[PDB]
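Structure file structure.tsv with TSV, C-alpha atoms and all ligand atoms:
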chain	number	residue	atom	x	y	z
T	11	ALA	CA	101.71	70.51	80.58
T	12	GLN	CA	102.57	74.20	80.03
T	13	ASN	CA	104.97	76.00	82.41
T	14	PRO	CA	105.84	72.87	84.44
T	15	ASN	CA	108.52	74.70	86.53
T	16	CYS	CA	105.82	77.28	87.60
T	17	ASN	CA	107.79	80.31	86.51
T	18	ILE	CA	106.28	83.78	86.63
T	19	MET	CA	105.27	84.66	83.08
T	20	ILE	CA	105.21	88.17	81.57
T	21	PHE	CA	102.70	89.08	78.88
T	22	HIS	CA	102.67	91.88	76.29
T	23	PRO	CA	99.10	91.96	74.83
T	24	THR	CA	98.46	94.01	71.73
T	25	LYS	CA	95.75	96.66	71.80
T	26	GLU	CA	93.42	94.22	70.10
T	27	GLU	CA	94.13	91.49	72.64
T	28	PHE	CA	93.52	94.04	75.45
T	29	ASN	CA	89.82	94.37	74.60
T	30	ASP	CA	88.41	91.23	76.06
T	31	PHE	CA	89.63	90.75	79.67
T	32	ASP	CA	88.16	87.32	80.31
T	33	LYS	CA	89.49	85.98	77.02
T	34	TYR	CA	93.05	87.18	77.82
T	35	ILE	CA	93.02	85.59	81.33
T	36	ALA	CA	91.99	82.33	79.71
T	37	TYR	CA	94.80	82.75	77.15
T	38	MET	CA	97.38	83.27	79.87
T	39	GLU	CA	96.16	80.13	81.61
T	40	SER	CA	96.40	78.20	78.28
T	41	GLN	CA	100.09	79.05	78.40
T	42	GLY	CA	100.46	77.82	82.03
T	43	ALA	CA	100.66	81.24	83.72
T	44	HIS	CA	98.56	80.21	86.68
T	45	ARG	CA	100.99	77.52	87.68
T	46	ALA	CA	103.27	80.28	89.12
T	47	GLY	CA	100.48	81.87	91.18
T	48	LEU	CA	101.33	85.30	89.72
T	49	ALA	CA	101.73	86.85	86.23
T	50	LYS	CA	102.77	90.26	84.98
T	51	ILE	CA	100.84	92.04	82.17
T	52	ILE	CA	102.50	94.98	80.42
T	53	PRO	CA	99.70	97.03	78.72
T	54	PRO	CA	100.05	97.96	75.00
T	55	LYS	CA	101.83	101.23	74.38
T	56	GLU	CA	98.57	102.87	73.14
T	57	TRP	CA	96.82	102.36	76.51
T	58	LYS	CA	96.61	104.60	79.53
T	59	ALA	CA	94.75	104.33	82.85
T	60	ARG	CA	94.01	108.06	83.03
T	61	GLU	CA	95.47	111.28	81.62
T	62	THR	CA	97.48	112.48	84.60
T	63	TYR	CA	98.02	111.88	88.35
T	64	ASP	CA	98.45	115.63	89.02
T	65	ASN	CA	95.21	116.01	90.92
T	66	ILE	CA	95.18	113.11	93.55
T	67	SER	CA	96.54	114.88	96.60
T	68	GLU	CA	93.18	115.56	98.16
T	69	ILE	CA	92.14	111.90	98.41
T	70	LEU	CA	91.80	111.05	102.16
T	71	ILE	CA	93.48	108.19	103.88
T	72	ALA	CA	91.01	107.98	106.81
T	73	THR	CA	92.95	105.33	108.72
T	74	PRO	CA	96.65	105.11	107.89
T	75	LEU	CA	98.18	101.97	109.38
T	76	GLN	CA	101.64	101.87	111.11
T	77	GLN	CA	103.04	98.42	110.54
T	78	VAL	CA	104.89	97.36	113.69
T	79	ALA	CA	106.99	94.16	113.50
T	80	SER	CA	107.87	91.49	116.10
T	81	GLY	CA	110.25	88.55	115.68
T	82	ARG	CA	113.48	88.13	113.80
T	83	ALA	CA	114.54	89.68	110.49
T	84	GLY	CA	113.50	86.75	108.35
T	85	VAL	CA	110.51	85.48	110.41
T	86	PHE	CA	108.24	88.11	111.87
T	87	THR	CA	104.66	89.27	112.33
T	88	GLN	CA	103.28	92.75	111.95
T	89	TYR	CA	100.38	94.49	113.63
T	90	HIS	CA	98.63	97.49	112.36
T	91	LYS	CA	98.44	100.51	114.62
T	92	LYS	CA	95.81	103.03	113.51
T	93	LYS	CA	96.99	106.63	112.95
T	94	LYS	CA	95.19	109.90	112.46
T	95	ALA	CA	93.73	110.68	109.03
T	96	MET	CA	95.77	112.35	106.41
T	97	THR	CA	95.47	113.36	102.75
T	98	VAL	CA	97.47	111.69	99.96
T	99	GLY	CA	99.52	114.94	99.72
T	100	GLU	CA	100.31	114.78	103.39
T	101	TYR	CA	101.17	111.03	103.15
T	102	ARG	CA	103.44	111.63	100.13
T	103	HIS	CA	105.36	114.26	102.07
T	104	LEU	CA	105.68	111.85	104.99
T	105	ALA	CA	106.91	109.01	102.74
T	106	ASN	CA	109.62	111.40	101.33
T	107	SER	CA	110.79	112.56	104.77
T	108	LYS	CA	114.20	111.60	106.09
T	109	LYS	CA	112.58	109.19	108.63
T	110	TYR	CA	110.67	107.19	105.95
T	111	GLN	CA	112.33	107.70	102.56
T	112	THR	CA	114.00	104.96	100.53
T	113	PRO	CA	117.76	104.77	101.32
T	114	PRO	CA	120.41	105.13	98.72
T	115	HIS	CA	120.84	101.88	96.85
T	116	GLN	CA	122.47	100.41	93.75
T	117	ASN	CA	119.62	98.48	92.13
T	118	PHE	CA	116.50	96.48	93.07
T	119	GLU	CA	118.59	93.58	94.42
T	120	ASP	CA	120.51	95.82	96.83
T	121	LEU	CA	117.23	97.34	98.00
T	122	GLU	CA	115.72	93.86	98.51
T	123	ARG	CA	118.77	92.97	100.67
T	124	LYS	CA	118.28	96.09	102.73
T	125	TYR	CA	114.54	95.36	103.13
T	126	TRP	CA	115.11	91.90	104.58
T	127	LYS	CA	117.99	93.00	106.75
T	128	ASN	CA	116.32	96.05	108.21
T	129	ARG	CA	112.52	95.93	107.89
T	130	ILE	CA	111.83	94.90	111.48
T	131	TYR	CA	113.65	97.92	112.89
T	132	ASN	CA	111.24	100.39	111.39
T	133	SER	CA	107.46	100.95	111.41
T	134	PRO	CA	106.35	102.32	107.99
T	135	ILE	CA	102.83	103.75	107.51
T	136	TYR	CA	100.57	102.14	104.80
T	137	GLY	CA	97.37	103.70	103.34
T	138	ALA	CA	95.69	100.42	102.55
T	139	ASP	CA	92.36	99.21	101.63
T	140	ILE	CA	90.72	102.55	100.58
T	141	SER	CA	87.52	101.99	98.53
T	142	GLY	CA	87.79	103.83	95.24
T	143	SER	CA	89.36	103.98	91.74
T	144	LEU	CA	91.86	106.03	89.76
T	145	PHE	CA	90.85	104.67	86.33
T	146	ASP	CA	89.24	107.26	84.06
T	147	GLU	CA	85.67	106.33	83.27
T	148	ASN	CA	86.55	106.58	79.63
T	149	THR	CA	89.26	103.88	79.88
T	150	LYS	CA	87.49	100.90	78.41
T	151	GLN	CA	90.21	98.23	78.56
T	152	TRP	CA	91.37	96.67	81.87
T	153	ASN	CA	89.51	99.23	83.93
T	154	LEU	CA	89.46	97.62	87.38
T	155	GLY	CA	86.22	99.46	88.29
T	156	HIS	CA	84.38	97.95	85.24
T	157	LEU	CA	85.10	94.27	85.56
T	158	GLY	CA	82.43	91.50	85.56
T	159	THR	CA	81.43	90.92	89.19
T	160	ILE	CA	82.10	87.74	91.19
T	161	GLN	CA	78.37	87.58	92.04
T	162	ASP	CA	77.53	87.56	88.34
T	163	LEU	CA	80.17	84.85	87.70
T	164	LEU	CA	78.73	82.64	90.45
T	165	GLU	CA	75.28	83.21	88.98
T	166	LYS	CA	76.38	82.39	85.46
T	167	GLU	CA	78.21	79.20	86.51
T	168	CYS	CA	75.94	77.85	89.21
T	169	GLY	CA	72.53	79.52	88.59
T	170	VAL	CA	72.15	81.05	92.01
T	171	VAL	CA	71.54	84.75	92.40
T	172	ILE	CA	73.21	86.31	95.45
T	173	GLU	CA	73.54	89.65	97.22
T	174	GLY	CA	76.88	91.50	97.34
T	175	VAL	CA	79.06	93.87	95.48
T	176	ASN	CA	82.66	93.87	94.17
T	177	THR	CA	84.58	97.25	94.12
T	178	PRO	CA	88.25	98.21	93.87
T	179	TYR	CA	90.62	99.36	96.54
T	180	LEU	CA	93.48	101.90	96.53
T	181	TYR	CA	96.78	101.38	98.35
T	182	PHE	CA	99.20	104.20	99.09
T	183	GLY	CA	102.64	102.80	100.07
T	184	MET	CA	106.04	103.94	101.24
T	185	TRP	CA	109.43	102.32	101.68
T	186	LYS	CA	109.16	99.07	103.67
T	187	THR	CA	105.36	98.90	103.67
T	188	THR	CA	104.62	95.23	103.66
T	189	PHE	CA	101.95	92.78	102.52
T	190	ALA	CA	102.02	89.59	104.54
T	191	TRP	CA	101.81	86.02	103.15
T	192	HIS	CA	98.22	85.30	102.04
T	193	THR	CA	95.87	83.98	99.46
T	194	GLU	CA	92.79	86.00	98.49
T	195	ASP	CA	89.44	85.71	100.28
T	196	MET	CA	87.80	82.49	99.16
T	197	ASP	CA	91.02	81.81	97.11
T	198	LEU	CA	89.82	84.31	94.44
T	199	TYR	CA	92.01	85.86	91.77
T	200	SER	CA	93.34	89.38	92.30
T	201	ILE	CA	94.47	92.02	89.83
T	202	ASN	CA	96.70	94.89	90.88
T	203	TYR	CA	97.66	97.95	88.83
T	204	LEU	CA	100.57	100.12	89.96
T	205	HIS	CA	99.31	103.60	89.01
T	206	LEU	CA	102.33	105.65	89.99
T	207	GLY	CA	105.51	105.92	91.95
T	208	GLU	CA	108.11	103.45	93.11
T	209	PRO	CA	108.08	99.69	92.53
T	210	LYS	CA	106.48	96.79	94.44
T	211	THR	CA	108.41	93.51	94.89
T	212	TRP	CA	106.34	90.31	95.01
T	213	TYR	CA	107.04	86.81	96.25
T	214	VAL	CA	104.72	83.93	95.30
T	215	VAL	CA	104.31	80.18	95.96
T	216	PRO	CA	102.86	78.05	93.11
T	217	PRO	CA	99.25	76.99	93.96
T	218	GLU	CA	100.23	73.33	93.67
T	219	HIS	CA	102.69	73.87	96.52
T	220	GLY	CA	100.70	76.10	98.82
T	221	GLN	CA	100.31	73.46	101.52
T	222	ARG	CA	104.18	73.39	101.82
T	223	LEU	CA	104.10	77.02	102.78
T	224	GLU	CA	101.27	76.42	105.24
T	225	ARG	CA	103.21	73.62	106.94
T	226	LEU	CA	106.28	75.82	107.32
T	227	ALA	CA	104.17	78.66	108.67
T	228	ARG	CA	102.67	76.33	111.34
T	229	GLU	CA	106.26	75.44	112.38
T	230	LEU	CA	107.47	79.05	112.44
T	231	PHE	CA	104.43	80.56	114.15
T	232	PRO	CA	103.45	77.78	116.53
T	233	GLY	CA	101.25	79.86	118.97
T	234	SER	CA	99.35	81.38	116.04
T	235	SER	CA	98.80	77.94	114.53
T	236	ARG	CA	97.27	76.63	117.77
T	237	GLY	CA	94.98	79.65	117.84
T	238	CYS	CA	93.61	79.13	114.36
T	239	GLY	CA	93.67	76.39	111.72
T	240	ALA	CA	93.90	79.09	108.96
T	241	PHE	CA	95.92	81.81	110.60
T	242	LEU	CA	97.50	83.01	107.34
T	243	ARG	CA	94.00	84.49	106.69
T	244	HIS	CA	94.97	87.03	109.39
T	245	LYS	CA	97.49	88.50	107.00
T	246	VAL	CA	100.22	89.21	109.57
T	247	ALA	CA	103.07	86.71	108.95
T	248	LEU	CA	106.26	87.31	107.01
T	249	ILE	CA	108.90	84.78	105.99
T	250	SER	CA	111.96	85.88	103.96
T	251	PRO	CA	113.22	84.36	100.76
T	252	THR	CA	116.33	83.14	102.57
T	253	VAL	CA	114.18	81.24	105.11
T	254	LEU	CA	111.97	79.83	102.36
T	255	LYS	CA	115.10	78.56	100.48
T	256	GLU	CA	116.53	77.05	103.70
T	257	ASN	CA	113.32	75.10	104.13
T	258	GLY	CA	112.96	73.98	100.52
T	259	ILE	CA	109.76	75.93	99.80
T	260	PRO	CA	109.21	76.51	96.07
T	261	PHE	CA	108.71	80.24	95.30
T	262	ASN	CA	109.44	82.96	92.76
T	263	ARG	CA	109.95	86.71	92.90
T	264	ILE	CA	109.38	89.66	90.57
T	265	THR	CA	109.30	93.46	90.78
T	266	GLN	CA	106.29	95.39	89.45
T	267	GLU	CA	106.85	98.91	88.14
T	268	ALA	CA	104.45	101.77	87.55
T	269	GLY	CA	102.18	101.13	84.58
T	270	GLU	CA	102.17	97.35	85.00
T	271	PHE	CA	99.46	94.89	86.08
T	272	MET	CA	99.92	91.82	88.22
T	273	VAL	CA	97.40	88.97	88.42
T	274	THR	CA	97.36	86.54	91.31
T	275	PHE	CA	95.72	83.18	90.67
T	276	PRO	CA	93.50	81.07	92.97
T	277	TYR	CA	95.42	79.73	95.96
T	278	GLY	CA	98.67	81.53	94.95
T	279	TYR	CA	100.21	82.65	98.22
T	280	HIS	CA	101.93	86.01	97.89
T	281	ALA	CA	103.78	88.61	99.98
T	282	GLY	CA	105.88	91.67	99.24
T	283	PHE	CA	106.96	95.22	99.89
T	284	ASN	CA	106.97	98.72	98.40
T	285	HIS	CA	110.19	100.48	97.39
T	286	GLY	CA	109.04	104.02	98.13
T	287	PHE	CA	105.96	106.26	97.72
T	288	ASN	CA	103.47	104.61	95.36
T	289	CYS	CA	99.82	104.09	94.62
T	290	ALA	CA	98.23	100.78	93.51
T	291	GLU	CA	94.65	99.72	92.77
T	292	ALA	CA	93.46	96.14	93.20
T	293	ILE	CA	90.29	94.07	93.11
T	294	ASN	CA	89.29	90.43	93.38
T	295	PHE	CA	87.69	88.60	90.44
T	296	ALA	CA	86.57	85.12	89.47
T	297	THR	CA	86.49	82.88	86.37
T	298	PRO	CA	84.90	79.50	85.84
T	299	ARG	CA	88.10	77.82	86.94
T	300	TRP	CA	87.91	79.55	90.35
T	301	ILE	CA	84.69	77.78	91.45
T	302	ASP	CA	86.49	74.59	92.51
T	303	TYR	CA	88.99	76.60	94.52
T	304	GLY	CA	86.25	78.57	96.20
T	305	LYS	CA	84.58	75.32	97.32
T	306	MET	CA	87.81	74.10	98.94
T	307	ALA	CA	89.12	77.36	100.42
T	308	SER	CA	90.14	77.35	104.05
T	309	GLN	CA	88.51	79.49	106.39
T	310	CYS	CA	89.38	81.40	109.61
T	311	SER	CA	86.55	81.04	112.18
T	312	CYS	CA	88.57	82.33	115.25
T	313	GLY	CA	87.38	85.83	114.80
T	314	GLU	CA	90.57	87.43	113.67
T	315	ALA	CA	90.17	87.53	109.85
T	316	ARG	CA	86.91	89.63	109.72
T	317	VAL	CA	86.00	90.34	106.06
T	318	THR	CA	83.57	92.01	103.72
T	319	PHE	CA	79.87	91.69	103.47
T	320	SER	CA	80.07	89.85	100.14
T	321	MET	CA	81.98	86.87	101.48
T	322	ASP	CA	78.89	85.71	103.31
T	323	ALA	CA	77.15	84.48	100.21
T	324	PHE	CA	80.26	82.81	98.86
T	325	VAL	CA	80.59	80.71	102.04
T	326	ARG	CA	76.86	80.11	102.27
T	327	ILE	CA	76.53	78.74	98.72
T	328	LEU	CA	79.93	77.11	98.13
T	329	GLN	CA	80.64	75.85	101.66
T	330	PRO	CA	77.31	75.25	103.43
T	331	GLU	CA	78.81	72.76	105.93
T	332	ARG	CA	81.30	75.44	107.13
T	333	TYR	CA	78.84	78.33	107.06
T	334	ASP	CA	77.49	78.27	110.64
T	335	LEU	CA	80.99	78.10	112.21
T	336	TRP	CA	82.44	80.73	109.91
T	337	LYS	CA	79.52	83.11	110.57
T	338	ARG	CA	80.02	82.75	114.35
T	339	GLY	CA	83.61	83.99	113.69
T	340	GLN	CA	82.14	86.99	111.88
T	341	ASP	CA	79.84	87.81	114.92
J	401	LIG	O1	99.61	95.79	97.10
J	401	LIG	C1	99.39	95.27	98.25
J	401	LIG	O2	99.65	95.81	99.39
J	401	LIG	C2	98.74	93.96	98.42
J	401	LIG	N1	98.05	93.53	97.18
J	401	LIG	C3	97.63	92.27	97.02
J	401	LIG	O3	97.79	91.35	97.92
J	401	LIG	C4	96.92	91.93	95.76
J	401	LIG	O4	96.81	92.74	94.85
J	401	LIG	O5	96.42	90.77	95.79
J	402	MG	MG	92.55	114.91	94.98
J	403	NI	NI	96.61	89.74	97.64
J	404	ZN	ZN	91.72	82.89	112.62
Kindly transcribe the structure held in the file into structure tokens.
Amino acid sequence: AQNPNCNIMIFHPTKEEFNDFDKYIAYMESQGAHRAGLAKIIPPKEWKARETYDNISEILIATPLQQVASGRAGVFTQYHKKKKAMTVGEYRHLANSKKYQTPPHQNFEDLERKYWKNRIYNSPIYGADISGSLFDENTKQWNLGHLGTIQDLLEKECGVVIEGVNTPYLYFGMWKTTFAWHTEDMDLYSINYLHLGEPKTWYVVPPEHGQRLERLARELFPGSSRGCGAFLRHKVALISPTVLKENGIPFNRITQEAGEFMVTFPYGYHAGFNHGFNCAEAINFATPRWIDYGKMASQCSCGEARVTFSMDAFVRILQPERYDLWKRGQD
């Protein structure tokens, strides 16, 4: 069995290997990359996402989100308070202000220490979930707006034609902006490209051990667990590495820098934070190996998780027994 300790693997494809996306995902899995839940892909030196980032300041962040925490430093939730619209140039200036900028630090480890010590005492503003793409249309390799769609994959594997679309999302971050512990919708893969700016630190639980994280989360968030049998789908709960280690939960960590891709694998729980002003692009995707995970994915039906249009068909075809309850949660 490849990668039996479930370590995060880092890949350096050549320009030739970078042509066929599906083939390279399958290669990484042949080497055991999925056992970690997360892999890093460093593009060949010949490749670029676009020519420059000099002209992005007029993109609008219609609904910036202020991430307000409650709890203790290592075990907290966050809620998202909506703020007035602002452009990417305005948000960049805000991120760089004395109130929000990255503090002086020695290295990524010192900054990680400062994040976990101090996150709860601040409320950073995240420009998340913005439909769009920063890949040039002429970038042919690993262009996250040109991937095979999940609807087409389901149709190829299972024969059923379904409605829905699959487009990328932009994320504009600042120091301390936070992504809570989650798996993807329907336990899909994700791919994330850090286009520019400061790093993103990731934490991940191997898919084979995801239920250990869920059991800890039910202990640590007992009111939320009574409210919903899949409350991590709400994407609000944070647990620090120190608390994970105290409770014996297997996990790994890695820092993504600008110019790098990360892939999350089906049922790989992940969480993390941004180091300073940055911009990422991410999208969900599927492979044949996903189908079995999609069929078994948990679902939130309490009303909180509320998701895209395209998840309807995935539930309806892969999980017909759960469909009626889940759809009630959507309405
Ligand atoms: O970058 C972020 O805020 C969150 N991204 C992801 O959870 C992802 O790419 O799957
Ligand atoms: Mg612009
Ligand atoms: Ni994710
Ligand atoms: Zn719920």
| 7 Å shell around ligand LIG 401 (chain J) using only C-alpha atoms and all ligand atoms, listed as a ChimeraX atom specification | /T:138,181,188-189,194,200-202,274,280-281,290,292-293
_Could you tell me how far atom CA of residue T:77 sits from atom CA of residue T:283, in Å to one decimal place?_
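Computing the Euclidean distance for atom CA of residue T:283 and atom CA of residue T:77 yields 11.8 Å.
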Do you know which residues are at most 12 Å from stretch 28-43 of chain T counting all atoms listed in the file, after dropping those on the same chain fewer than 4 positions away, and could you put them as a VMD selection string?
chain T and resid 11 to 24 47 to 58 149 to 154 156 to 159 163 199 to 201 216 to 217 272 to 276 278 295 to 300
Check your understanding: Quick one, how far is atom CA of residue T:79 from atom CA of residue T:231?
Key ->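 Taking atom CA of residue T:79 and atom CA of residue T:231, their separation equals 13.9 Å.
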Could you pull the residues within 10 Å of residue T:238, counting only C-alpha atoms, minus those fewer than 5 positions along the same chain, as an MDAnalysis selection string?
chainID T and resid 228 233 243:244 309:314
| said: Between atom CA of residue T:63 and atom CA of residue T:192, what is the distance in Å, rounded to a tenth? | reply: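 According to the coordinates, atom CA of residue T:63 and atom CA of residue T:192 are separated by 29.9 Å.
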For a quick check of understanding, using all atoms listed in the file, which of T:320, T:112, T:235, T:193 has the smallest distance to ligand NI 403 (chain J)?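 Distance minimum relative to ligand NI 403 (chain J) lands on T:193.
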(Q) Could you check the closest approach to ligand ZN 404 (chain J) for each of T:99, T:84, T:239, T:269 and tell me which residue wins, using only C-alpha atoms and all ligand atoms? (A)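 Closest to ligand ZN 404 (chain J), using only C-alpha atoms and all ligand atoms: T:239.
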Exercise. Let me have all residues with an atom within 10 Å of ligand MG 402 (chain J), counting only C-alpha atoms and all ligand atoms, laid out as a PyMOL selection string.
Key: chain T and resi 63-70+97-99
Can you write out as a Markdown table which residues of stretch 127-245 of chain T fall within 12 Å of stretch 115-122 of chain T, alongside each residue's closest atom pair and its distance in Å to one decimal, counting only C-alpha atoms and ordering rows by chain and ascending residue number?
| residue | atom | partner | partner_atom | distance |
| --- | --- | --- | --- | --- |
| T:127 | CA | T:122 | CA | 8.6 |
| T:128 | CA | T:122 | CA | 10.0 |
| T:129 | CA | T:122 | CA | 10.1 |
| T:185 | CA | T:121 | CA | 10.0 |
| T:186 | CA | T:122 | CA | 9.8 |
| T:208 | CA | T:118 | CA | 10.9 |
| T:209 | CA | T:118 | CA | 9.0 |
| T:210 | CA | T:118 | CA | 10.1 |
| T:211 | CA | T:122 | CA | 8.2 |
| T:212 | CA | T:122 | CA | 10.6 |
| T:213 | CA | T:122 | CA | 11.4 |
Deliver the residues from the most recent selection as a file, using C-alpha atoms, as a short mmCIF file (atom, residue, chain, number, x, y, z; two decimals), in the frame of the given file.
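What follows is the written file part.cif:
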data_model
loop_
_atom_site.label_atom_id
_atom_site.label_comp_id
_atom_site.auth_asym_id
_atom_site.auth_seq_id
_atom_site.Cartn_x
_atom_site.Cartn_y
_atom_site.Cartn_z
CA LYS T 127 117.99 93.00 106.75
CA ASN T 128 116.32 96.05 108.21
CA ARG T 129 112.52 95.93 107.89
CA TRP T 185 109.43 102.32 101.68
CA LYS T 186 109.16 99.07 103.67
CA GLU T 208 108.11 103.45 93.11
CA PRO T 209 108.08 99.69 92.53
CA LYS T 210 106.48 96.79 94.44
CA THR T 211 108.41 93.51 94.89
CA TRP T 212 106.34 90.31 95.01
CA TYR T 213 107.04 86.81 96.25
#
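When only C-alpha atoms and all ligand atoms are used to compute distances to ligand ZN 404 (chain J), the closest of the residues T:277, T:241, T:86, T:191 turns out to be T:241.
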Could you tell me which of T:219, T:245, T:305, T:263 comes closest to residue T:197 if we count all atoms listed in the file?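 Ranking T:219, T:245, T:305, T:263 by distance to residue T:197, first place goes to T:305.
Proximity to residue T:287 was assessed for T:148, T:107, T:234, T:329 counting all atoms listed in the file; the smallest distance is recorded for T:107.
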